[PDB]
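Structural overview
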Amino acid sequence: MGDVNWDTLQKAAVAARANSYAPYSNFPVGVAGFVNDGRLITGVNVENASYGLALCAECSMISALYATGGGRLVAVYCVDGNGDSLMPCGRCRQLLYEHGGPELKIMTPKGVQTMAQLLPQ
Amino acid sequence: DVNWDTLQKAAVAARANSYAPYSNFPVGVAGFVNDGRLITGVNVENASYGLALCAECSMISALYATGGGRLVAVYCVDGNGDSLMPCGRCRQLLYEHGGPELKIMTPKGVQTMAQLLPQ
Amino acid sequence: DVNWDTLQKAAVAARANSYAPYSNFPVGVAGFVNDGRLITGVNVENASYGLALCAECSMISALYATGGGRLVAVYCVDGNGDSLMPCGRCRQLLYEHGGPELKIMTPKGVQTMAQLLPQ
Amino acid sequence: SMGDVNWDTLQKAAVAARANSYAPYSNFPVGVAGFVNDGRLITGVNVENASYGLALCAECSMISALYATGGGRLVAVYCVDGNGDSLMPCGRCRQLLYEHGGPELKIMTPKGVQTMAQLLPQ
Ligand SMILES: [Zn+2]
Ligand SMILES: [Zn+2]
Ligand SMILES: [Zn+2]
Ligand SMILES: [Zn+2]
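1. A word on the overall build of chain B
Secondary structure assignment for chain B yields four helices and five strands. For chain B, the sequential pattern of α-helices and β-strands runs α-β-β-α-β-α-β-β-α. Relative to the globule expectation of 14 Å for 119 residues, the C-alpha radius of gyration of chain B, 13 Å, shows essentially globular dimensions. Expressed along its principal axes, the backbone C-alpha trace of chain B runs to roughly 35 × 30 × 30 Å. Taking as baseline every contact in chain B between residues at least 6 positions apart, the subset at least 24 positions apart corresponds to 58%.

Structure, rendered in structure tokens:
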């Protein structure tokens, strides 16, 4: 009781994906996270006709973090169109690190890793 | 039939949750969606400046979280509660999610997206 | 004066080095700096879409690499060599480095930044 | 030994390029310099914007130079701050570098040379 339920994150990222705006890649992504108060926040990717103005699902999740009063990320699970875990892109790694620190857990294809190991400095 | 005052009040309230430690320039934004619901966003900076998210980026994220639709009016405010013009990046996002008819409060009054980003 | 044919050829020429494997939509841009020198840029996309650099972003980098200055005229082209409008984000970059009196070729003719990004 | 990366050359080149840096919003100027797989030296400076999130990192500028001069693959990169000390690429830039140099790209870091495989595990 109190351990991260990666399954809850997975299923929440999957459901969030329903709303993905990715008509340029046709590659919908969902993400879900636990904040340090135990609440669940989600994001989706949002693409633009100009490719460099697209927002990663994780970006939207960071926006949801602050919309709902802030805090710190503790656990994050990004999913593709099949529900499989996705590795965050380097940009999202930096956003994740800033709002999670080195101890943030990320679900990856090779299991749970920390931001300490995904973004060494 | 936009209650522009409800938008400014909403954007000011949203603004409390702003993450701008680097600039100390917090921003909030509120918008109406074509079904009438009110969404808001706040800016979220990053130690790497080019990673920062405008408040309108957040509102767009919130647009989709809450099931999509088209933006119909938007109001961005500064730490004093005064209208802010969206930057060029944010103009392209709003064009994309509201089209040319979307209305935006500006320092000099209401302007459509057609006027703010001519094509 | 400004020679617009020289920029459109220089842009097209530059477009050859485009890195656009994701959109298959290569872009070139050419512009004059206030000291008469000609600079170009191409788009460079990325597996993570939102990390793509626009042609105009590349040119802006070329501007500073080559010693600074203000942009005076700019011509962006698509794969056919036709004038392309800068995206809203690039308008904000152009404005920062050319100001309101910077001229851009558009499908409809020369327009200034002041027109294309009202403040 | 002949053909090893000369990190001195990269560091001096990055200090030099840093003089054209446009950083009025942070007052944190950055220069970067790279060897391409044909041996040519490229550079980049950061370019800030009134909208913070439209800022270009030094590594972005260098990537644009890579293509402007004919493409190729990055082989070694040295980023510098205002004191000429080694600087770590932010996350977005590690993603650009990865895409144009792959896992075996060498980056100089405060703790010595590291590869992109080490800096951005996949
Ligand atoms: Zn990402
Ligand atoms: Zn903006
Ligand atoms: Zn652009
Ligand atoms: Zn960077």
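2. Overview of the coordination of the zinc ion (ligand 2)
Every protein donor of the zinc ion (ligand 2) is listed here as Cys54(B) (SG), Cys87(B) (SG) and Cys90(B) (SG), and their distances to the metal cover 2.0 to 2.4 Å. For the zinc ion (ligand 2), the single-chain donor residues occur in sequence as C-x32-C-x2-C.

3. Quick notes on the environment of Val29(B)
Residues and elements named next belong to chain B. Locating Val 29 in the fold gives a position in strand β1 (residues 28-33). Its relative accessible area of 0% is what places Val 29 among the buried residues. C-alpha separation for the pair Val 29 and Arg 15, spaced 14 residues apart in sequence, amounts to 7.4 Å. Those residues in contact with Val 29, other than ones at most four positions away along the chain, are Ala 11, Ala 14, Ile 39, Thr 40, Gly 41, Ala 55, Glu 56, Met 59, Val 74, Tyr 75 and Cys 76.

4. Quick notes on the sheet that holds β1(B)
Residues and elements named next belong to chain B. Strand order across the open sheet formed by five strands is β2-β1-β3-β4-β5, with mixed pairing between neighbours. Each edge of the sheet is formed by a strand with only one pairing partner; in this case those strands are β2 (38-42) and β5 (109-112). Going from strand to strand, the sheet's axes swing by 25° on average, the running direction of each strand aside. As paired strands, β1 and β2 are joined by five bridges and run antiparallel to one another. Bridge pairing in β2 links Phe 32 to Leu 38.

5. Remarks on the interface of chain C and chain B
Listed per partner, the contact involves 11 residues of chain C and 11 residues of chain B. Across the interface of chain C and chain B, roughly 800 Å² is buried in total on both sides, 57% from carbon and sulfur atoms. The largest per-residue losses of area from chain C upon contact with chain B belong to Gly88(C), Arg91(C) and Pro118(C), which jointly make up 43% of the total buried on that side. There are zero salt bridges connecting chain C and chain B. The leading source of residues in the side of chain C that touches chain B is helix α3 (residues 88-98) of chain C, at four residues. For the side of chain C that touches chain B, the residue count by class is five nonpolar, four polar and two charged.

6. What about the sheet that holds strand β5 (residues 112-115) of chain D?
All names here are of chain D. Taken in spatial order, the five strands line up as β2-β1-β3-β4-β5 in an open sheet, and their pairing is mixed. Single-partner strands in this sheet number two, and they are β2 (41-45) and β5. Between one strand axis and the next, the sheet turns by 25° as a mean value, whatever way the strands run. In terms of strand pairing, strand β1 (residues 31-36) meets β2 through five bridges, oriented antiparallel. For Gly 34, the partnering residue across the bridge sits in β2 and is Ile 42. Docked against the sheet, helix α1 (residues 7-18) engages β1, β2, β3 (74-80), β4 (106-109) and β5, running at close to 55° with respect to β3.

7. A look at the interface of chain B and chain A
Across the contact, 22 residues belong to chain B and 22 residues belong to chain A. Along the contact surface separating chain B from chain A lie zero salt bridges. Of all the elements in the fold, those that place two or more residues in the side of chain B that touches chain A are α2 (55-65) and α3 (88-98) of chain B. Here the side of chain B that touches chain A takes six residues from α2(B), the largest share from any one element. By residue class, the composition of the side of chain B that touches chain A is 12 nonpolar, seven polar and three charged.

8. Points about the packing of helix α2 (residues 58-68) of chain D against helix α3 (residues 91-101) of chain D
Residues and elements named next belong to chain D. Between α2 and α3, the shortest axis-to-axis distance is 9 Å and the interhelical angle comes to 20°. In this view, α2 runs roughly parallel relative to α3, as classed from their interaxial angle. Here the hand of the crossing between α2 and α3 comes out left-handed. Residues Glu 59, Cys 60, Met 62, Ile 63, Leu 66 and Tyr 67 of α2 touch α3, and the partners they reach there are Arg 92, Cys 93, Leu 96, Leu 97 and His 100.

9. Topic: the coordination of the zinc ion (ligand 4)
Residues and elements named next belong to chain D. For the zinc ion (ligand 4), the full set of protein donor atoms is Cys 57 (SG), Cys 90 (SG) and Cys 93 (SG), at a range of 2.3 to 2.4 Å. The sequence motif formed by the donor residues of the zinc ion (ligand 4) is C-x32-C-x2-C. Residue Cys 57 is located in the loop between β2 and α2, and its partner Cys 93 is located in helix α3; the two are separated by 36 residues in the primary sequence. Summarising the burial analysis for this pair, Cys 57 and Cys 93 share the class buried.

10. A few points about the pattern of salt bridges
A full pass over the atoms with the stated rule returns five salt bridges over all chains. Here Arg39(A) ties to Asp37(A) by a salt bridge, and the two come within 3.0 Å at their closest N and O atoms. A relative accessible area of 54% places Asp37(A) in the exposed class. Close ionic contact of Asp8(D) with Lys12(D) constitutes a salt bridge, the shortest N to O distance being 3.8 Å.

About the criteria used
All residue numbers given refer to positions from 1 along each chain's written sequence rather than to the entry's numbering, and residues for which no coordinates exist are omitted. A letter from A marks each chain and a number from 1 marks each ligand, given out in the order of writing. By convention in this description, side-chain values take in all heavy atoms of the structure and omit both hydrogens and water. Residues with missing side-chain atoms are left out of burial classes, side-chain pairs and their counts. Under the scheme used here, helices are H or I runs from DSSP no shorter than 4 residues and strands are E runs no shorter than 2 residues, and both carry numbers assigned from the N terminus. Two things to know: the radius of gyration comes from C-alpha atoms, and the globule rule equals 2.2 Å times the number of residues to the power 0.38. Any two residues whose heavy atoms approach within 4.5 Å are treated as being in contact. Coordinating donors are taken as N, O and S atoms within 2.8 Å of the metal, stretched to 3.2 Å for Na, K and Ca; because water is absent from the atoms, sites can appear incomplete. Think of it in three bands: residues with accessible area under 20% of the maximum for their type are buried, residues over 50% are exposed, and the middle band is partly exposed, with areas taken using a 1.4 Å probe on protein chains only. A pair of strands is labelled paired if DSSP reports no fewer than 2 bridges between them. With axes taken as lines fitted to C-alpha atoms, and helix axes fitted only over the stretch in contact, angles between N-to-C directions fall between 0 and 180 degrees. As a working definition, buried area equals the accessible area (1.4 Å probe) given up by two parts on being put together, with both sides summed. We count a salt bridge whenever a side-chain nitrogen from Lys or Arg sits within 4 Å of a carboxyl oxygen from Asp or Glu. Residue type decides the class: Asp, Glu, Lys and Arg count as charged, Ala, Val, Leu, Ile, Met, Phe, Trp, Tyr, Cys and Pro as nonpolar, and the leftover types, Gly among them, as polar. These descriptions rest on fixed angle ranges, namely under 35 degrees for roughly parallel, over 145 for roughly antiparallel, 65 to 115 for roughly perpendicular, and the rest for oblique. Here a crossing is taken to be left-handed if its near helix is turned anticlockwise relative to the far helix by less than a right angle, and right-handed if that turn runs clockwise.

That is the geometry; function is a separate question.
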